[PDB]
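Next comes model_5.pdb, with PDB, C-alpha atoms.
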```
ATOM      1  CA  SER A   1     102.817  92.920 117.068
ATOM      2  CA  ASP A   2     103.540  95.815 114.688
ATOM      3  CA  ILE A   3     107.251  94.917 114.861
ATOM      4  CA  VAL A   4     106.551  91.259 113.938
ATOM      5  CA  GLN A   5     104.400  92.669 111.127
ATOM      6  CA  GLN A   6     107.323  94.711 109.750
ATOM      7  CA  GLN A   7     109.379  91.496 109.755
ATOM      8  CA  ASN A   8     106.757  89.722 107.665
ATOM      9  CA  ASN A   9     106.696  92.651 105.212
ATOM     10  CA  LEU A  10     110.512  92.697 104.940
ATOM     11  CA  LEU A  11     110.731  88.930 104.470
ATOM     12  CA  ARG A  12     108.208  89.112 101.607
ATOM     13  CA  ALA A  13     110.215  91.940  99.995
ATOM     14  CA  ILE A  14     113.401  89.853 100.287
ATOM     15  CA  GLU A  15     111.632  86.837  98.726
ATOM     16  CA  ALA A  16     110.490  88.929  95.726
ATOM     17  CA  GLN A  17     114.057  90.333  95.368
ATOM     18  CA  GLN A  18     115.376  86.772  95.242
ATOM     19  CA  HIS A  19     113.017  85.913  92.347
ATOM     20  CA  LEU A  20     114.380  89.015  90.621
ATOM     21  CA  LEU A  21     118.007  87.945  91.355
ATOM     22  CA  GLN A  22     117.397  84.443  89.955
ATOM     23  CA  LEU A  23     116.042  86.037  86.756
ATOM     24  CA  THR A  24     119.072  88.373  86.363
ATOM     25  CA  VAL A  25     121.468  85.467  87.070
ATOM     26  CA  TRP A  26     119.706  83.348  84.405
ATOM     27  CA  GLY A  27     120.011  86.224  81.892
ATOM     28  CA  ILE A  28     123.720  86.820  82.525
ATOM     29  CA  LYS A  29     124.371  83.073  82.178
ATOM     30  CA  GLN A  30     122.542  82.969  78.816
ATOM     31  CA  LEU A  31     124.669  85.840  77.457
ATOM     32  CA  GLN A  32     127.956  84.525  78.870
ATOM     33  CA  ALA A  33     127.392  81.113  77.227
ATOM     34  CA  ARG A  34     126.729  82.773  73.870
ATOM     35  CA  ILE A  35     129.797  85.052  73.769
ATOM     36  CA  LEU A  36     132.489  83.017  75.801
TER
ATOM     37  CA  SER B   1     115.141  87.662 121.781
ATOM     38  CA  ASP B   2     112.884  86.014 119.160
ATOM     39  CA  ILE B   3     112.315  89.327 117.352
ATOM     40  CA  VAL B   4     116.047  90.102 117.535
ATOM     41  CA  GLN B   5     116.750  86.595 116.177
ATOM     42  CA  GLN B   6     114.421  87.303 113.217
ATOM     43  CA  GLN B   7     116.245  90.625 112.696
ATOM     44  CA  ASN B   8     119.486  88.639 112.403
ATOM     45  CA  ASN B   9     117.869  86.269 109.886
ATOM     46  CA  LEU B  10     116.636  89.182 107.720
ATOM     47  CA  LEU B  11     119.975  91.019 107.878
ATOM     48  CA  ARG B  12     121.933  87.908 106.895
ATOM     49  CA  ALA B  13     119.528  87.342 103.937
ATOM     50  CA  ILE B  14     120.118  90.954 102.857
ATOM     51  CA  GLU B  15     123.928  90.456 103.150
ATOM     52  CA  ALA B  16     123.826  87.259 101.041
ATOM     53  CA  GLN B  17     121.682  89.080  98.435
ATOM     54  CA  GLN B  18     124.257  91.891  98.292
ATOM     55  CA  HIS B  19     126.993  89.400  97.412
ATOM     56  CA  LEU B  20     124.771  88.074  94.615
ATOM     57  CA  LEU B  21     124.007  91.583  93.379
ATOM     58  CA  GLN B  22     127.729  92.410  93.338
ATOM     59  CA  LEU B  23     128.402  89.216  91.354
ATOM     60  CA  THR B  24     125.749  90.223  88.791
ATOM     61  CA  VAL B  25     127.320  93.700  88.475
ATOM     62  CA  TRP B  26     130.723  92.039  87.861
ATOM     63  CA  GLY B  27     129.239  89.755  85.158
ATOM     64  CA  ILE B  28     127.511  92.621  83.321
ATOM     65  CA  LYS B  29     130.728  94.703  83.359
ATOM     66  CA  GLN B  30     132.749  91.707  82.072
ATOM     67  CA  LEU B  31     130.313  91.081  79.209
ATOM     68  CA  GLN B  32     130.232  94.825  78.346
ATOM     69  CA  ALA B  33     134.045  95.131  78.341
ATOM     70  CA  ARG B  34     134.287  91.947  76.259
ATOM     71  CA  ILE B  35     132.017  93.053  73.372
ATOM     72  CA  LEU B  36     132.462  96.847  73.253
TER
ATOM     73  CA  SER C   1     112.613 101.594 119.597
ATOM     74  CA  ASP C   2     115.990  99.966 118.810
ATOM     75  CA  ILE C   3     114.214  97.258 116.834
ATOM     76  CA  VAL C   4     112.201  99.956 114.976
ATOM     77  CA  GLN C   5     115.417 101.871 114.208
ATOM     78  CA  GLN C   6     117.203  98.843 112.744
ATOM     79  CA  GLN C   7     114.114  97.868 110.714
ATOM     80  CA  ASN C   8     114.344 101.295 109.117
ATOM     81  CA  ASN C   9     117.921 100.447 108.063
ATOM     82  CA  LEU C  10     116.847  97.031 106.744
ATOM     83  CA  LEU C  11     114.039  98.625 104.695
ATOM     84  CA  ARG C  12     116.382 101.295 103.365
ATOM     85  CA  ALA C  13     118.873  98.535 102.420
ATOM     86  CA  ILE C  14     116.130  96.608 100.571
ATOM     87  CA  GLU C  15     115.084  99.817  98.728
ATOM     88  CA  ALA C  16     118.663 100.634  97.681
ATOM     89  CA  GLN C  17     119.172  96.978  96.661
ATOM     90  CA  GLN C  18     116.027  97.252  94.486
ATOM     91  CA  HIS C  19     117.508 100.316  92.748
ATOM     92  CA  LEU C  20     120.717  98.341  92.172
ATOM     93  CA  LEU C  21     118.713  95.423  90.839
ATOM     94  CA  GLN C  22     116.832  97.716  88.373
ATOM     95  CA  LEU C  23     120.195  99.040  87.142
ATOM     96  CA  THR C  24     121.323  95.453  86.487
ATOM     97  CA  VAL C  25     118.117  94.842  84.493
ATOM     98  CA  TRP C  26     118.994  97.840  82.281
ATOM     99  CA  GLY C  27     122.522  96.446  81.748
ATOM    100  CA  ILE C  28     121.261  92.968  80.838
ATOM    101  CA  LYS C  29     118.638  94.404  78.436
ATOM    102  CA  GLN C  30     121.314  96.513  76.623
ATOM    103  CA  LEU C  31     123.569  93.474  76.261
ATOM    104  CA  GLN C  32     120.734  91.100  75.315
ATOM    105  CA  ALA C  33     119.440  93.387  72.526
ATOM    106  CA  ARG C  34     122.990  93.586  71.136
ATOM    107  CA  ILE C  35     124.055  89.933  71.470
ATOM    108  CA  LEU C  36     120.671  88.272  70.545
TER
ATOM    109  CA  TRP D   1     134.022  83.264  85.151
ATOM    110  CA  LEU D   2     134.954  79.914  86.726
ATOM    111  CA  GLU D   3     135.218  81.569  90.173
ATOM    112  CA  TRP D   4     132.049  83.644  89.435
ATOM    113  CA  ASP D   5     130.069  80.452  88.712
ATOM    114  CA  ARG D   6     131.167  78.922  92.045
ATOM    115  CA  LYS D   7     130.285  82.081  94.065
ATOM    116  CA  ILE D   8     126.869  82.285  92.380
ATOM    117  CA  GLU D   9     126.090  78.698  93.451
ATOM    118  CA  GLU D  10     127.467  79.349  96.960
ATOM    119  CA  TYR D  11     125.443  82.505  97.691
ATOM    120  CA  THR D  12     122.337  81.135  95.982
ATOM    121  CA  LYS D  13     122.355  78.187  98.424
ATOM    122  CA  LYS D  14     123.118  80.551 101.346
ATOM    123  CA  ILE D  15     120.085  82.836 100.643
ATOM    124  CA  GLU D  16     117.702  79.895 100.026
ATOM    125  CA  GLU D  17     118.737  78.495 103.440
ATOM    126  CA  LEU D  18     118.391  81.888 105.170
ATOM    127  CA  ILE D  19     114.944  82.503 103.661
ATOM    128  CA  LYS D  20     113.812  79.067 104.948
ATOM    129  CA  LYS D  21     115.194  79.925 108.416
ATOM    130  CA  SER D  22     113.364  83.247 108.279
ATOM    131  CA  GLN D  23     110.061  81.613 107.236
ATOM    132  CA  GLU D  24     110.223  79.153 110.149
ATOM    133  CA  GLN D  25     111.192  81.892 112.631
ATOM    134  CA  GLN D  26     108.314  84.054 111.342
ATOM    135  CA  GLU D  27     105.785  81.220 111.877
ATOM    136  CA  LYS D  28     107.074  80.709 115.436
ATOM    137  CA  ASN D  29     107.010  84.461 116.249
ATOM    138  CA  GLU D  30     103.444  84.845 114.955
ATOM    139  CA  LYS D  31     102.230  81.805 116.937
ATOM    140  CA  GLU D  32     103.785  83.430 120.039
ATOM    141  CA  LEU D  33     101.936  86.772 119.900
ATOM    142  CA  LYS D  34      98.589  84.737 119.414
TER
ATOM    143  CA  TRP E   1     113.619  86.142  76.883
ATOM    144  CA  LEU E   2     110.068  87.399  76.251
ATOM    145  CA  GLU E   3     108.924  85.316  79.230
ATOM    146  CA  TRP E   4     111.938  86.550  81.267
ATOM    147  CA  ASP E   5     110.913  90.156  80.515
ATOM    148  CA  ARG E   6     107.334  89.574  81.763
ATOM    149  CA  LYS E   7     108.525  87.922  85.010
ATOM    150  CA  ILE E   8     110.953  90.787  85.634
ATOM    151  CA  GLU E   9     107.993  93.125  85.349
ATOM    152  CA  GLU E  10     105.784  90.950  87.588
ATOM    153  CA  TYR E  11     108.254  90.763  90.469
ATOM    154  CA  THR E  12     109.288  94.410  90.063
ATOM    155  CA  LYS E  13     105.586  95.321  90.541
ATOM    156  CA  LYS E  14     105.230  92.951  93.506
ATOM    157  CA  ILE E  15     108.352  94.275  95.312
ATOM    158  CA  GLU E  16     107.306  97.928  94.740
ATOM    159  CA  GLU E  17     103.999  97.123  96.497
ATOM    160  CA  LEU E  18     105.728  95.288  99.388
ATOM    161  CA  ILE E  19     108.130  98.200  99.783
ATOM    162  CA  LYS E  20     105.195 100.670  99.923
ATOM    163  CA  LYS E  21     103.492  98.453 102.523
ATOM    164  CA  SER E  22     106.742  98.364 104.573
ATOM    165  CA  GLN E  23     107.202 102.156 104.350
ATOM    166  CA  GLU E  24     103.643 102.556 105.686
ATOM    167  CA  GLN E  25     104.274 100.180 108.626
ATOM    168  CA  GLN E  26     107.543 101.978 109.320
ATOM    169  CA  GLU E  27     105.680 105.323 109.461
ATOM    170  CA  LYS E  28     103.085 103.815 111.817
ATOM    171  CA  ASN E  29     105.735 102.227 114.089
ATOM    172  CA  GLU E  30     107.791 105.438 114.236
ATOM    173  CA  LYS E  31     104.640 107.447 115.099
ATOM    174  CA  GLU E  32     103.781 105.204 118.084
ATOM    175  CA  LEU E  33     107.251 105.819 119.551
ATOM    176  CA  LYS E  34     106.501 109.602 119.631
TER
ATOM    177  CA  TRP F   1     127.313 103.261  80.547
ATOM    178  CA  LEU F   2     129.300 106.060  82.258
ATOM    179  CA  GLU F   3     126.160 107.241  84.086
ATOM    180  CA  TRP F   4     125.228 103.579  84.727
ATOM    181  CA  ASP F   5     128.667 103.081  86.345
ATOM    182  CA  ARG F   6     128.101 106.208  88.512
ATOM    183  CA  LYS F   7     124.685 105.048  89.736
ATOM    184  CA  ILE F   8     125.901 101.484  90.445
ATOM    185  CA  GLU F   9     128.659 102.977  92.638
ATOM    186  CA  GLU F  10     126.211 105.368  94.396
ATOM    187  CA  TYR F  11     123.778 102.640  95.363
ATOM    188  CA  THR F  12     126.499 100.130  96.289
ATOM    189  CA  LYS F  13     128.117 102.568  98.746
ATOM    190  CA  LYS F  14     124.720 103.410 100.275
ATOM    191  CA  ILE F  15     123.829  99.713 100.745
ATOM    192  CA  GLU F  16     127.235  98.886 102.277
ATOM    193  CA  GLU F  17     126.771 101.758 104.796
ATOM    194  CA  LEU F  18     123.267 100.573 105.688
ATOM    195  CA  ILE F  19     124.457  96.973 106.158
ATOM    196  CA  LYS F  20     127.369  98.077 108.372
ATOM    197  CA  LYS F  21     125.051 100.218 110.560
ATOM    198  CA  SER F  22     122.592  97.304 110.824
ATOM    199  CA  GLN F  23     125.346  94.826 111.805
ATOM    200  CA  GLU F  24     126.487  97.168 114.584
ATOM    201  CA  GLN F  25     122.868  97.540 115.814
ATOM    202  CA  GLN F  26     122.422  93.741 115.677
ATOM    203  CA  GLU F  27     125.537  92.992 117.783
ATOM    204  CA  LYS F  28     124.557  95.656 120.348
ATOM    205  CA  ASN F  29     120.948  94.433 120.665
ATOM    206  CA  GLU F  30     122.007  90.805 121.174
ATOM    207  CA  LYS F  31     124.584  91.803 123.803
ATOM    208  CA  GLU F  32     121.997  93.913 125.673
ATOM    209  CA  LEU F  33     119.519  91.031 125.844
ATOM    210  CA  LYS F  34     122.254  88.448 126.982
TER
END
```
The structure given in the file should be rewritten as structure tokens.
Amino acid sequence: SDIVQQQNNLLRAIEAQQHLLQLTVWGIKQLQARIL
Amino acid sequence: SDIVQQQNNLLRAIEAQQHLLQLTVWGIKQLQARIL
Amino acid sequence: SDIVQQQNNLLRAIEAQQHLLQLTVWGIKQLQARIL
Amino acid sequence: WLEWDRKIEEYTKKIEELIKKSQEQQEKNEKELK
Amino acid sequence: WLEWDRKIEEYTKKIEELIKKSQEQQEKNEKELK
Amino acid sequence: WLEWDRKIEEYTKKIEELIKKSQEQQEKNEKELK
């Protein structure tokens, strides 16, 4: 039960990382378009 | 087996995220080299 | 215990990925301030 | 950059699919310990 | 970009909390084994 | 940027090691249960 709990915690962390990744991807794309 | 299956899911998500992270590092370095 | 051990590695991977991600944020902010 | 753009799309779809898998598997696993 | 900056901060805060939660569970789980 | 480069490399190597360890653990666990 504690192990399944850890999996929930890790999945949530991964989901928040993916929101972060989408933001950094957006930002790089904005800058690339401007200078290339 | 179900917990081990979820471990595989989480690990694969982490691996896919690493590829994305590496791509963002490449993009930043390209933009940096380009301007300065 | 083997599931607990691997979950420690997954958490450590997520933590190190978050550090990487924060570094990319710094890179993007440097470039953004310059280019925009 | 052309290759970069393709890889970004590829891994973005991959992670979205894996997160969905993981969400479903998590539901199942939690219903099982209940 | 102003909105981008705020969202970066939001999700950075959220992940730091989730990581702390996970570290705490990990400590608990590793204690039970002993 | 020099120190940025150093830290990128540090964290990348650490992550790659952790992923490799985890993949080995994953394969072994699945085989055991099969």
Using the chain letters and numbers from the file, give me the residues hit by the PyMOL selection byres ((chain F) within 9 of (chain C)), as a ChimeraX atom specification.
/F:1,4,7-8,11-12,14-19,21-22,25-26,29
Relative to chain B, what is the Cα RMSD of chain A after a least-squares superposition using every Cα atom paired in order?
0.7 Å
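Our summary of the geometry notes that atom CA of residue 5 of chain F is positioned 27.5 Å from atom CA of residue 3 of chain E.
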With a cut-off of 7 Å and counting only C-alpha atoms, select all residues of chain C in contact with chain A and give the selection as a PDB file with C-alpha atoms, in the frame of the given file.
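As a result, out-v1.pdb now contains:
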```
ATOM      1  CA  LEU C  11     114.039  98.625 104.695  1.00  0.00           C
ATOM      2  CA  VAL C  25     118.117  94.842  84.493  1.00  0.00           C
ATOM      3  CA  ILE C  28     121.261  92.968  80.838  1.00  0.00           C
ATOM      4  CA  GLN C  32     120.734  91.100  75.315  1.00  0.00           C
TER       5      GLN C  32
END
```
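The gap separating atom CA of residue 13 of chain D from atom CA of residue 31 of chain D is 27.6 Å, in Å to one decimal.
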Could you jot down the atom CA of residue 30 of chain F to atom CA of residue 4 of chain B separation for me, Å, one decimal place?
7.0 Å
Once 8 Å is added on each side, what are the centre and the three edge lengths, in Å to one decimal, of the axis-aligned box enclosing the listed atoms of segment 9-23 of chain A? Present them as JSON.
```
{"center_x": 112.4, "center_y": 88.6, "center_z": 96.0, "size_x": 27.3, "size_y": 24.3, "size_z": 34.5}
```
Kindly write N, CA and C atoms of segment 1-30 of chain A from the structure just given to a file, as a short mmCIF file (atom, residue, chain, number, x, y, z; two decimals), in the first residue's frame.
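For reference, decode25.cif as written:
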```
data_model
loop_
_atom_site.label_atom_id
_atom_site.label_comp_id
_atom_site.auth_asym_id
_atom_site.auth_seq_id
_atom_site.Cartn_x
_atom_site.Cartn_y
_atom_site.Cartn_z
N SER A 1 0.83 -1.21 0.00
CA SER A 1 0.00 0.00 0.00
C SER A 1 0.87 1.26 0.00
N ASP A 2 1.96 1.22 0.77
CA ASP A 2 2.95 2.28 0.80
C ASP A 2 3.75 2.36 -0.50
N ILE A 3 3.93 1.21 -1.15
CA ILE A 3 4.62 1.12 -2.43
C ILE A 3 3.78 1.73 -3.55
N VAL A 4 2.48 1.40 -3.56
CA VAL A 4 1.51 1.97 -4.51
C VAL A 4 1.37 3.49 -4.31
N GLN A 5 1.52 3.91 -3.06
CA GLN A 5 1.55 5.32 -2.68
C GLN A 5 2.73 6.05 -3.32
N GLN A 6 3.93 5.48 -3.18
CA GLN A 6 5.14 6.02 -3.80
C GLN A 6 4.96 6.19 -5.30
N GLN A 7 4.25 5.26 -5.93
CA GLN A 7 4.01 5.31 -7.37
C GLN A 7 3.11 6.47 -7.75
N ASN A 8 2.12 6.74 -6.92
CA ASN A 8 1.24 7.88 -7.10
C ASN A 8 2.03 9.20 -6.99
N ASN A 9 2.87 9.28 -5.96
CA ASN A 9 3.73 10.44 -5.73
C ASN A 9 4.66 10.72 -6.91
N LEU A 10 5.29 9.65 -7.41
CA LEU A 10 6.24 9.74 -8.53
C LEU A 10 5.54 10.12 -9.82
N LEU A 11 4.36 9.56 -10.06
CA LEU A 11 3.57 9.91 -11.24
C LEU A 11 3.19 11.40 -11.26
N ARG A 12 2.78 11.92 -10.10
CA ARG A 12 2.45 13.33 -9.95
C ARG A 12 3.67 14.20 -10.23
N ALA A 13 4.83 13.81 -9.71
CA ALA A 13 6.08 14.54 -9.94
C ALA A 13 6.41 14.59 -11.43
N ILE A 14 6.27 13.45 -12.10
CA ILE A 14 6.50 13.32 -13.54
C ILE A 14 5.53 14.21 -14.34
N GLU A 15 4.27 14.27 -13.90
CA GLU A 15 3.27 15.10 -14.57
C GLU A 15 3.58 16.60 -14.45
N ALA A 16 4.07 17.02 -13.29
CA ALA A 16 4.49 18.41 -13.08
C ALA A 16 5.75 18.76 -13.89
N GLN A 17 6.69 17.81 -13.98
CA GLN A 17 7.88 17.93 -14.84
C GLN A 17 7.51 18.12 -16.30
N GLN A 18 6.51 17.37 -16.76
CA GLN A 18 6.04 17.51 -18.14
C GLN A 18 5.42 18.88 -18.45
N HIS A 19 4.73 19.48 -17.48
CA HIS A 19 4.23 20.85 -17.65
C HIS A 19 5.41 21.81 -17.79
N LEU A 20 6.42 21.60 -16.95
CA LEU A 20 7.67 22.35 -17.03
C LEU A 20 8.35 22.19 -18.39
N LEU A 21 8.52 20.94 -18.85
CA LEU A 21 9.08 20.66 -20.18
C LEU A 21 8.34 21.33 -21.33
N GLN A 22 7.00 21.29 -21.31
CA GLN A 22 6.21 21.96 -22.33
C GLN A 22 6.45 23.47 -22.33
N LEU A 23 6.63 24.06 -21.15
CA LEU A 23 6.94 25.49 -21.06
C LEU A 23 8.33 25.80 -21.64
N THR A 24 9.34 24.99 -21.31
CA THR A 24 10.70 25.23 -21.83
C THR A 24 10.78 25.01 -23.34
N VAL A 25 10.05 24.00 -23.85
CA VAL A 25 9.94 23.77 -25.29
C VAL A 25 9.31 24.98 -25.99
N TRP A 26 8.18 25.46 -25.46
CA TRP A 26 7.53 26.66 -26.00
C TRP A 26 8.52 27.84 -26.10
N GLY A 27 9.26 28.07 -25.02
CA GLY A 27 10.22 29.18 -24.94
C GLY A 27 11.34 29.09 -25.95
N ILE A 28 11.93 27.90 -26.08
CA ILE A 28 12.97 27.66 -27.09
C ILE A 28 12.43 27.89 -28.51
N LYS A 29 11.20 27.44 -28.76
CA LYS A 29 10.58 27.61 -30.08
C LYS A 29 10.36 29.09 -30.41
N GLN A 30 9.93 29.87 -29.41
CA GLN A 30 9.74 31.32 -29.59
C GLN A 30 11.04 32.00 -30.01
#
```
